[PDB]
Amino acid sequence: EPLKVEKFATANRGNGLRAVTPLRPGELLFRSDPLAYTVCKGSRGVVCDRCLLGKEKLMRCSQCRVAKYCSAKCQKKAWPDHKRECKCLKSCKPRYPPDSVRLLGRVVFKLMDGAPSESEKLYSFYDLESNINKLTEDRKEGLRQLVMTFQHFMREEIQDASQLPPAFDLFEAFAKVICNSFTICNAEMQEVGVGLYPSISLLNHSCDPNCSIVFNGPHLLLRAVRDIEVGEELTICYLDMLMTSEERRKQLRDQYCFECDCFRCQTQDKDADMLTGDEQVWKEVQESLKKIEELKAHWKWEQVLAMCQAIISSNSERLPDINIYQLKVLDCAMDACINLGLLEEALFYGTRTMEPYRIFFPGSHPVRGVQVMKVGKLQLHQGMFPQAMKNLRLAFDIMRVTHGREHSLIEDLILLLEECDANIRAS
């Protein structure tokens, strides 16, 4: 069709995207493959470099032995976009670069060797915001070190400026990567990769947005989650919803170089509920969650579960499940149990997250959709059919909006709804 979205110059947040026609919840607004992407640090060698799906066995690239793939088809299909980095990842073993450096190498190779990318239809890498005039001296130093890391990692393939795009400035490129990288999660909402999607990068931030993004492998779908009028700006939430206004302030400053004066931030909306319970306990839980989240990122489920049980079933003082640090611990324990086949225990943690997720993901949000699906799935396979049906329907009501027919997970949910329904039809 014609596009439902268009680029425009906002009054005080740079370029943005606005509706061309009225949009309804669930409407597919745009979709994109990445300009460039890579598997993230914790998922390297756990999921396929190309399709970002996990497998019992992954097969390595023989030349570098860093890239790993689910199948001959994926290894072969990845080769054009892996060929030049392969030499650099070999040449610099056992040093592995930061994800941003691997990502930027892929950018450069794509812009030098590939045809114009469909991912740049509305806006290109060259156009992206860098916020160079807002960077602090401390950030500038961090970028200088990323520049030198790139230069080191890439030296086999990029020796000088003749191998970069015209007038390409690596410092500026890394400044763009910082505030335009997308975090790719798998169907289970586990972080698996990072990518650039330059058309999609037009979206500005809201702490109460009107659109959502979801990933199906590296593919990104942008959908409305509220009614949107002609000319109204499209927004997504850049951040985890389980954050206070103070935490959002620090990240939006540090990473994005802006201040938010939205109603939520002006009123510290939900902050008090999020921090209920004794501060001494939740401070310790927040500290333990650095490690728990590190372990989870590397798919270390037994270690995750052990740390989480030490909190959830502590001998010492406990927190309410609506406290965000307690909730994140429940979440990690649920995902660990699911991955370990401890299904009764998974369901216990999962069920406890349901009411806090209802409060903290208002309206239609993909993370709540997927969490409710997980809990309904656990109930279904434990033979709890009426309870399962209610959750699976709720999951469908959310995911029909946030995921839609174009996302394969919706097909999975339809099969569970059918199975649940047959079971009730017999009963």
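One-based numbering along the sequence shown. For clarity, a rigid core is taken as the largest C-alpha set superposing within 1.5 Å between two forms.
Take 161-169 and 295-303, fit the other structures onto the shown form by the rigid core, and average the C-alpha distances in 6 other deposited structures of this protein: the farther stretch is 161-169. Superposing the other copies on the rigid core and comparing 312-320 to 175-183, farther C-alpha placement in 6 other deposited structures of this protein marks 312-320. The question of which stretch, 30-38 or 378-386, has the higher mean Cα B factor is settled in favour of 378-386.
The mean C-alpha temperature factor is higher for 159-167 when 159-167 and 113-121 are set side by side. The residue among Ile359, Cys61, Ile398, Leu392 whose C-alpha atom has the highest B-factor in the PDB entry is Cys61. When the C-alpha B factors of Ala333, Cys88, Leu289, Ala224 are read from the deposited coordinates, the top value falls at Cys88. The deposited CA B-factor of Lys77 belongs to the highest third of values across its chain. Ranked by Cα temperature factor within the chain, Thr10 sits in the middle third according to the deposited record.
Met154: CA B factor in the highest third of modelled residues in this chain (values from the PDB entry).
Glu294: CA B factor lies in the highest third for its chain, per the PDB record. For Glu344, the recorded CA B-factor ranks within the highest third of the chain. Only modelled residues enter the ranking.
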